[PDB]
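Trainee: Residue numbers (our numbering), protein chains in the order written: chain A, 86 to 125; chain B, 86 to 125; chain C, 86 to 125; chain D, 86 to 125.
C-beta atoms are modelled at their ideal positions from N, C-alpha and C, and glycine is treated no differently.
Please read through the structure below; I'll follow up with questions.
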């Protein structure tokens with residue numbers, strides 16, 4: 086049978102992966118601002 | 086103690102704003118798809 | 086012959102709303118921080 | 086110039102990590118949905 090929302094689920098997943106990459110990028114910017122800390 | 090530039094918060098908040106827009110987009114398209122499917 | 090399961094989409098929508106709640110809370114925390122910055 | 090405690094930034098990072106967990110869980114749910122649709 087044809088799953089009527091197949092293309093939609095694929096699109097939602099792709100958007101979520103893009104958003105996940107955005108969060109990774111944010112986390113990376115934060116890590117880069119903290120990376121030179123030797124102690125705390 | 087360790088500190089960072091306060092303006093980093095504004096960069097973070099800008100990206101989060103965008104994350105929010107992305108989530109809103111996805112919620113909207115799901116609501117639209119559910120409306121279109123008329124089960125009888 | 087189609088296969089349709091609206092519960093799958095409702096589940097995804099529920100998770101997206103939960104995500105949006107968390108993201109709104111984080112934005113609020115950063116706005117609070119930026120308010121405090123302005124005052125020194 | 087204005088400086089914020091590095092710990093405030095580590096806290097934001099912790100919330101971002103929680104957001105990443107949420108997106109991962111949702112991506113996993115969609116992936117599982119799409120596997121299941123193969124058999125209908």
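With a threshold of 16 other CB atoms inside 10 Å of the CB of residue 117 of chain B, please say whether the residue is buried or exposed.
Mentor: Classification of residue 117 of chain B: exposed, given that the 10 Å Cβ count is below 16.
Trainee: For a contact defined as C-beta to C-beta under 9 Å, what are the partners of residue 115 of chain B on chain D?
Mentor: Result: empty, since nearest Cβ-Cβ is about 12 Å, beyond 9 Å.
Trainee: Using a Cβ cut-off of 8 Å, pull out every chain F residue sitting near residue 118 of chain D, in sequence order please.
Mentor: Checking the listed chains, one finds no chain F in this structure; the protein chains it contains are A, B, C and D.
Trainee: Taking the Cβ atom as the reference point for each residue, do residue 97 of chain A and residue 111 of chain B lie within a distance shorter than 8 Å?
Mentor: Cβ atoms of residue 97 of chain A and residue 111 of chain B: closer than 8 Å.
Trainee: Quick one: which chain D residues come within Cβ less than 8 Å of residue 122 of chain B?
Mentor: Simply none; closest approach about 15 Å.
Trainee: Any Cβ of chain C within less than 8 Å of the Cβ of residue 104 of chain B?
Mentor: Answer yes: the Cβ-Cβ gap between residue 104 of chain B and chain C drops below 8 Å somewhere.
Trainee: Whole angstroms are fine: how far does the CA of residue 91 of chain A sit from the CA of residue 52 of chain C?
Mentor: No statement about residue 52 of chain C is possible, as the shown extent of chain C runs from 86 to 125 and does not include it.
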